[PDB]
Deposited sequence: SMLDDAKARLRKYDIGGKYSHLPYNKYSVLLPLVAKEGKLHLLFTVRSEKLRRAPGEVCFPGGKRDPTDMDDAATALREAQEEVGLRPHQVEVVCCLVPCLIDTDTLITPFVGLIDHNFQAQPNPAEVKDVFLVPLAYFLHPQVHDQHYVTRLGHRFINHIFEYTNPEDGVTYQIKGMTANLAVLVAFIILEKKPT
């Protein structure tokens, strides 16, 4: 099936816990995959204008690990619940992709998660201004704008344009390559 094929592809890139004990300031992100209309989509948030770091920007759900988290996957799931109401039974964590190093002392670990078809986002307005889907295939032929390369995605439901950039854009491309490369039609 489409979903069984996605997970099998993703598993080949799972680094697991290889890098998880290293003594960094640790954050985790969830790359949430949603199946709609026969196709895979990624779910993105728009960060609240209130927030200190990067108000109003497109981001994946996630945040800083805390002492309650059993592991890095737990951080991602705790934060996704807080931000968009995603509950643990509504997500299967399929793998841990390549961690992102920033600022010399910070390590951000990305987890890809398959989201239940009945999940409906409840944006928490103190953290998240908006939630939207992008078809995964968009990231193979994005509308590129230079400001370094920025993606512009216009939701055909409502005509709203979102800008996706930086590691958010990078991770999205990675996931699209993993799952969609070399597929019969």
property	result
Missing segments of the deposited chain sequence, listed N- to C-terminal	148 to 158
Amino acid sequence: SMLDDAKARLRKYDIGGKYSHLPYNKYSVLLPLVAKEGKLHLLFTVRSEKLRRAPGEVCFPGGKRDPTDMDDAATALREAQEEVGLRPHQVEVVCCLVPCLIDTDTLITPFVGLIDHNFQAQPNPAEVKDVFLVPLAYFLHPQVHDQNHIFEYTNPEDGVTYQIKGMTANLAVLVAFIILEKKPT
From here on, numbers count along this sequence of modelled residues.
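Rigid core (definition): largest C-alpha set, two forms, superposition within 1.5 Å.
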{"item": "Stretch with larger C-alpha RMS deviation in 8 other deposited structures of this protein, core superposed, 49 to 57 versus 116 to 124", "value": "49 to 57"}
{"item": "Given 52 to 60 and 29 to 37, the range whose Cα B-factors average higher in the PDB entry", "value": "52 to 60"}
{"item": "Selected stretch [higher average CA B-factor]: 173 to 181 or 16 to 24", "value": "16 to 24"}
{"item": "Third of the chain, ranked by Cα B-factor, where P142 sits", "value": "highest"}
{"item": "Chain third (lowest, middle, highest) by recorded CA B-factor, residue given as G159", "value": "middle"}
{"item": "Modelled-residue ranking by C-alpha temperature factor, third containing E92", "value": "middle"}
{"item": "Record-listed C-alpha B factor of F44: chain third", "value": "lowest"}
{"item": "For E79, the third of its chain into which the C-alpha B factor falls", "value": "lowest"}
